[PDB]
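So the chains spell out like this:
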Amino acid sequence: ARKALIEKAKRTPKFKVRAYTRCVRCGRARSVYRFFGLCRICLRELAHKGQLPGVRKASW
Amino acid sequence: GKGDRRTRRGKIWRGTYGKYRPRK
Amino acid sequence: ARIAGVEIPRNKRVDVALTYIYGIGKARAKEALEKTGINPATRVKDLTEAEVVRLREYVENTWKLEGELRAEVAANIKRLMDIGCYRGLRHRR
Amino acid sequence: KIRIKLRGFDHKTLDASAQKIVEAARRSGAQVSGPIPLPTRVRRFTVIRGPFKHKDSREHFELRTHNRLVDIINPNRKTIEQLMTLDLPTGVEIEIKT
Amino acid sequence: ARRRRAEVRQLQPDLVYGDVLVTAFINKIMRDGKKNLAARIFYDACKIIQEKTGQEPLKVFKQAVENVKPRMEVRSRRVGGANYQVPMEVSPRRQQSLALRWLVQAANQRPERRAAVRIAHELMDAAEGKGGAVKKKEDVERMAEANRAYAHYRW
Amino acid sequence: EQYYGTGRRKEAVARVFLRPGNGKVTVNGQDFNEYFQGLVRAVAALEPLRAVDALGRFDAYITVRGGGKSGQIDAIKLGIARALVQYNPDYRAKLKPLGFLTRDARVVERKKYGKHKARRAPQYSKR
Amino acid sequence: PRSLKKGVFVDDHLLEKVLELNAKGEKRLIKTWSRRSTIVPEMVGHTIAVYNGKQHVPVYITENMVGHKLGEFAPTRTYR
Amino acid sequence: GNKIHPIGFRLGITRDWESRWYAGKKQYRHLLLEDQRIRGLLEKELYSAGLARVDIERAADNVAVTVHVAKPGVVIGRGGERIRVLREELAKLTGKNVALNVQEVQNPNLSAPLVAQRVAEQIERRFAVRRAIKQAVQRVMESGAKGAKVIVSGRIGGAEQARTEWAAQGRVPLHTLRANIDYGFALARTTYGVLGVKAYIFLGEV
RNA sequence: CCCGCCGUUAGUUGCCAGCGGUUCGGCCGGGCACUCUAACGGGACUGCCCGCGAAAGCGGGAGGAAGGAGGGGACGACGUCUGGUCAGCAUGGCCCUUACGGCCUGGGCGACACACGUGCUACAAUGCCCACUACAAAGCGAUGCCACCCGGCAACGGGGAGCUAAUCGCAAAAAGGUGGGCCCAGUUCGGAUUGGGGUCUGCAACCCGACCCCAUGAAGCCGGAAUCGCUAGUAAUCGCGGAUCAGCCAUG
Ligand SMILES: [Mg+2]
Ligand SMILES: [Mg+2]
Ligand SMILES: [Mg+2]
Ligand SMILES: [Mg+2]
Ligand SMILES: [Mg+2]
Ligand SMILES: [Mg+2]
Ligand SMILES: [Mg+2]
Ligand SMILES: [Mg+2]
Ligand SMILES: [Zn+2]
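Residues numbered from 1 in each chain as written, not as in the entry; some residues may be left out. Chains lettered and ligands numbered in written order. Part of a larger assembly, values for the part shown. Heavy atoms only, no water. Residues with missing side-chain atoms left out of burial classes, pairs and counts.

- What the deposited record gives as its method is X-ray crystallography, and the resolution it gives is 3.2 Å.

1. Focus on the overall build of chain A
- Regarding its fold elements, chain A presents two helices and three strands.
- For 60 residues, the compact-globule estimate of 2.2 N^0.38 gives 10 Å, and the C-alpha radius of gyration of chain A, at 14 Å, exceeds that figure by more than 25%. (Helix = DSSP H or I, 4+ residues; strand = E, 2+ residues; numbered from the N terminus. Rg over C-alpha atoms; globule rule 2.2 N^0.38 Å.)

2. Topic: the UniProt feature "binding site: Zn(2+)" in chain A
Residues and elements named next belong to chain A.
- The residues that UniProt annotates with the feature "binding site: Zn(2+)" are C23, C26, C39 and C42. The greatest C-alpha distance among the residues just named is 7.9 Å, despite their covering 20 residues of sequence, which places them together in space.
- Here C23 lies in the segment before strand 1 (32–33).
- The residue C39 is located in strand 2 (residues 38–39) in this model. (UniProt positions renumbered as here; feature names shortened; annotations may be inferred.)

3. Quick word on the packing of helix 2 (residues 36–51) of chain E against helix 5 (residues 116–126) of chain E
Residues and elements named next belong to chain E.
- Two elements in contact, helix 2 and helix 5, have axes whose closest approach is 8 Å; the angle formed by their N-to-C orientations is 55 degrees. Viewed along their axes, helix 2 and helix 5 adopt a mutual orientation that is oblique. As for the relative orientation of helix 2 and helix 5, their crossing is right-handed in sense. In this structure, helix 2 contributes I41, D44, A45 and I48 to the contact, and helix 5 contributes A116, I119 and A120.
- For the contact of helix 2 with helix 5, the per-class residue count stands at six nonpolar, no polar and one charged. (Axes fitted to C-alpha atoms, helices over the stretch in contact; angles between N-to-C directions. Parallel < 35°, antiparallel > 145°, perpendicular 65-115°, else oblique. Left-handed = near helix turned anticlockwise from the far one by under 90°. Contact = heavy atoms within 4.5 Å. Nonpolar A, V, L, I, M, F, W, Y, C, P; charged D, E, K, R; others polar.)

4. Observations regarding the pairing of strand 2 (residues 12–15) of chain F
Residues and elements named next belong to chain F.
- Across four bridges, strand 1 (residues 6–9) lies against strand 2 in antiparallel orientation. Across the sheet, the residue bridging to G7 is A14, located in strand 2.
- Hairpin connection, strand 1 to strand 2: the antiparallel pair is bridged by two residues, and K10 has positive phi, about 45 degrees. (Pairing = 2+ DSSP bridges.)

5. Some thoughts on the arrangement of the chains
- You won't find any contact between chain A and chain E; their C-alpha atoms come no closer than 27 Å.
- Kept free of each other, chain B and chain H leave a smallest C-alpha distance of 28 Å between them.

6. Observations concerning the interface of chain A and chain H
- Of the residues lining the interface, eight residues belong to chain A; the matching set on chain H comes to nine residues.
- Here the side of chain A that touches chain H is composed, by residue class, of three nonpolar, three polar and two charged.

7. Some thoughts on the sheet that holds strand 5 (residues 168–170) of chain H
Residues and elements named next belong to chain H.
- Strand order across the open sheet formed by four strands is 5-4-7-6, with antiparallel pairing between neighbours. Pairing within the sheet leaves two strands with one partner each, and these edge strands are strand 5 and strand 6 (181–188). Going across the sheet, the axis of each strand differs from the next one's by a mean of 10 degrees, ignoring polarity.
- Summarising the sheet, strand 6 and strand 7 (residues 195–202) pair through eight bridges and their orientation is antiparallel. Each bridged residue has a counterpart across the sheet, and for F185 the counterpart in strand 7 is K198.
- Along the sheet, helix 4 (residues 112–124) contacts strand 6 and strand 7; its crossing angle with strand 6, the most-contacted strand, is approximately 25 degrees.

8. Some words on the environment of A45(F)
All names here are of chain F.
- Here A45 lies in the loop between helix 1 (32–35) and helix 2 (47–52).
- Placed 36 residues apart in sequence, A45 and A81 show a C-alpha to C-alpha distance of 9.8 Å.
- Apart from residues lying up to four places away in sequence, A45 is in contact with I73 and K77.

9. Digging into the sheet that holds strand 2 (residues 66–69) of chain H
Residue and element names in this part refer to chain H.
- Taken in spatial order, the three strands of this open sheet run 1-2-3, and their pairing is mixed. Two strands in the sheet have a free side with no partner beyond their single neighbour: strand 1 (53–55) and strand 3 (101–104). Within this sheet the neighbouring strands show an average axis-to-axis angle of 25 degrees, counted without direction.
- The pairing of strand 2 with strand 3 spans four bridges and is parallel.

Now the structure itself:
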């Protein structure tokens, strides 16, 4: 998550196919979810703290 | 022969359609 | 029933047989009988010399088969192998 | 025939949400189409628990979208009255389609 | 299964004969859980027996099994020193188990290129004291008509 | 005149309506021997009637959907059974002793984490 | 099995470079990383030095190798 | 590694969402994100006050923001000029145009987040950890509540070894999905490393 | 919390179930009964009867949708291992700061003659191919799902309706069932490899994409020592969905 590498927000990609999601908290661009924009970690946490509306702990 | 890309199954298992698996 | 390049398919529903030919496989087998107009199901031992010939005449004169195909393939296999073609360093590696 | 479709992430603050639109209409317009349900779209999220390795853990997480429809038939002036400004739920989205 | 001794689940009787053993056998022919297919096979094989044989299909079945059912085994034990054979009586719950299992096996072992044929016949072969099916019940109850040294157990 | 009867096995939901007819039974349109074509378990679908002796006094008009044929076969078993009860509650006394009047709550267990098929866990090896 | 569809590609990095050389006939050595580009007739004869991610290997292009794409004669992995 | 978050494990019942509102599809993320921003500002500012929780409700370009503090006067300010700058500073961040409420804390001695930060601070002030702890605990314990429990990370005292401190009274049932247990985590930066502070508080039942 | 019976609420889901019209596709009138929908609520407690016991509890029976924790989740104590992660994030100390900082193109993370792990597809007729025809759940979709027509063997292109979506689309579910073919053979089993053509995505598909079509059609005839999962609607078997995602190596 090198600050520099956090330049996805640099619209100008030269070729859209070069854009990539990146976490919006960890930077951890590995496995992010579009809906929230959260590095799978920076999501299970907020979802626990309760800062993610309706994001209830699933269960069936 | 699920794997045979050229038959009914082969397609299905591959989720594609072609000469051996028309649409309708 | 010598058909393509000295190929003698026999005893099974034609469409299946012509397949034993280097150059014929299900697809062209059908297409063969298709055009030639011969009940696919009919056995080879139960054909009409004429029928057989049309086939003989069509199959052979419609698709490069047997020794000629191989000829082409291997040749093609040298082809790129002749040039510093990587895909050609695969017929080595 | 006022189609009042409600959607939200919570029911205890929806069924009420709608009921209001309901009884508040039972004093002017038609008896309304009552509060109808409608299937709920469940957004399931599966996320491995700790970071790094441990694939076999993962923790569940759902985000459900609740729906309703209400449906006020044959409106009558005094109808659009209370309905104008008399709600109290928060996380509820309302979209009307006459 | 430490304690509680699992309880033998009881299947639902047959539809063409309504008699446990039938399904049970049906079940053994089944593969990947396909009843119907396996079903036709038995019923098919039941038909082929009214012809090639006059005897009703059921009696051929039931009377082919009892000729299979083993009445003795050899549950190995460690009398210490080596691995003894130790033979015992077959609880009637088990006999059936092996019985039908056996048939279905030996059946598929045969040559014929079918399902029923393989089944019907070996049944029939079984209703006369013959068949690869019955062969095994023999090679079995034999390793047990004597046992092998439990004298340290005096009693 | 007409009597209801609903059943539901393995996600299959069925509606039965026995009528003072003669045998004949229809499902969703075609005849029971036209929906349950080859399936042999379709015979059991009408076993509840045979319990009290029907299909010679009552006519069933059924409609099913949701859970695969054999699933529905069983569902119908419940409806019919249930319907029958509504003609003469005096039926149960000899319907239920054979379990005809019971919903098989057996259901597809779910498939969970670190496991192939609900319970089937992956394998291991080496020291 | 090879497919580009309709409108074969060649980076105008060396194309407009290679043609600017056919005006005066030919040239001596052409270094270009554009190994993503296909080979076209107007290229034949010349000598383009593809990159190997490290060194520029002069690749004498010929007629019996135009459908290809430069890099194909530009090895990458030295081995065993 | 174990013991799920008592809060999130209770989000369904005895405990709610810090950000309650609807939307989704093509706004959620943007909107949601917006929340982390506020909470970002409110936290770096209203610290000396006792930020306890940050509810954020929405109804289209009309947010709520209801900061929970112990010393609301600090949030407010002299006559209320600072609730003018924050309230305004919040806009230069979100043009959504929202208000800002401030609910005092009924005895912060019962707000996990606070019972922790309390401890946290002490630690950074180089105070025997074992004490601040036993101290905090008794406080909660002594100010009503049916159960409390404080946990402190390692390096307690700059020890070269990563330890753990306990202390806890009354009942504290993390497994009872009804208990209604308040949780809170205080971080502790320090000259020798980082120390985490966990505080649970158990209140009544429903 | 979800699945099992039931009721209340609510019917632009659902039905000749009851009625008349039909382009008989529930299409329209109409009605909420049933199905379903999603909320609340009732309901099993060894409470009931017999019998063993001091008691708990245990065996059986009855009514019942359900029985002795009805199935499954969610839920993982004080602590263990100096267990994992300073590459998610955070932070103590050390170290680099014409560089262990940063940009770029190309390459590499994808090679092999090797070994192992976890898998898929098989070695066949309780099968495989073709035609016809039947039943599912759970999700997904505006910078998207794409019906319908024509074109092309096809991938797919070009035109183009409906949908911000229980009441439009992805969709045919497959195994199955019905007729028929193949007839035991490396064989209409198996699909690898390779040749050739071609479509699409993407600035670009050589190193390294998927897919369609023809041709080739390999190892493989069920596996040595050893070893794994599963006690039910499970194992086995058969498809369908999603997340990430331009596309895609998902047989995960
Ligand atoms: Mg960083
Ligand atoms: Mg084949
Ligand atoms: Mg080659
Ligand atoms: Mg989950
Ligand atoms: Mg020994
Ligand atoms: Mg528990
Ligand atoms: Mg270590
Ligand atoms: Mg790798
Ligand atoms: Zn993150």
